[PDB]
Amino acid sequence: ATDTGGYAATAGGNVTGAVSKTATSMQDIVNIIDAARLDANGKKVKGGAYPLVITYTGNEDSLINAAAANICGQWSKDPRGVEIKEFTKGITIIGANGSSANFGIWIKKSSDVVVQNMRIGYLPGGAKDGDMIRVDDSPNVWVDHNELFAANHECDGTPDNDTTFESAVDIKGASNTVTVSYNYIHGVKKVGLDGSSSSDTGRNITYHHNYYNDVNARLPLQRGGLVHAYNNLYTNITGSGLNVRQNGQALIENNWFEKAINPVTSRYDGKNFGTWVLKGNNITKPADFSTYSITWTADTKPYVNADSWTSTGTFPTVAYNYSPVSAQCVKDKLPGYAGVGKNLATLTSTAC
């Protein structure tokens, strides 16, 4: 139906009248979307003329491998990405098994977009917003079962010493409902925003069943709104995890944290700290910090860490249906369900 296991409720291009097309390259995707705006008389229709299900069969392993072998050469290149602008008819971009992209997907002022089974990595243009997936002013977006990766590393001499690579999943603007699920995100410094600035507050986002490994920060960097993070596996977090800011509220439930510095915090603003409701994670009390290698650091400005591992606020009744498996099951089974080529498999109690 329109069940994503989170705030976003969409079927994307899988609706009545959907037109199935095969994209063999980045350019095909661009041309296919362009043609999907035309009605029977060749006239443009605002929002798109018909629903789409694009199956990407392209492979850019050569670009990815070359980039991996010389990471510091990526930031200064031109960014590469497909833009889904003002397309509200319903669109699903699914990669075929074995497919890969050295380009991102930038969604803007659209809605009902599903991006699945895409293996995206080592994108050029970190200094010019070379995001892997960007969700801007776009509600009902479901980013599911993808592998987004780069190298958790900052080359020196890059603009703002932060542009070696851009983000995995940046969300900003009026992207009111978004679900980010079953993604394998690794080797990424700035995972993803949830609000581009202090003023860009709001949105209701669900992060579930994601496997993060070797990521520095922003899981997400939340500015206001609501975030529901459940059944995620967070390992090797080298900077900070969920950074709840501008009075945002987060429900952090049944996740597995391990080898993480500041997994749950509120820093960098010095005020308007966000709150969290901790429930059912592998960590239940401070005594578990040493067990799972959780480390905490202070910050130059006033901050709040979850070092007491107690809930600091409340969370509204979650608007959707979902059934979280235990944190232990996440730890044991998630790596086989998250990512590409899993045939979009989901983790159920049964499989625990």
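Sequential numbering from 1, following the sequence displayed.
The mean C-alpha temperature factor is higher for 76 to 84 when 76 to 84 and 142 to 150 are set side by side. Stretches 125 to 133 and 250 to 258 differ in mean C-alpha B factor, with the higher average recorded for 250 to 258. When the C-alpha B-factors of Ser199, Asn183, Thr265, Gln116 are ranked from the entry, the top spot goes to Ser199. Each of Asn232, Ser99, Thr158, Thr206 has a CA temperature factor in the record; the biggest one is found at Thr158.
Sort the chain's modelled residues by C-alpha temperature factor and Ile71 lands in the highest third, per the entry. When the modelled residues of the chain are ordered by their C-alpha B factor, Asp170 lands in the lowest third.
Ranked within its chain, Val318 lands in the highest third, by CA B factor from the PDB record. Remark: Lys109 belongs to the middle third of its chain, ranked by C-alpha B-factor as recorded.
Looking at the C-alpha B-factors along this chain, the one for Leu52 belongs to the middle third.
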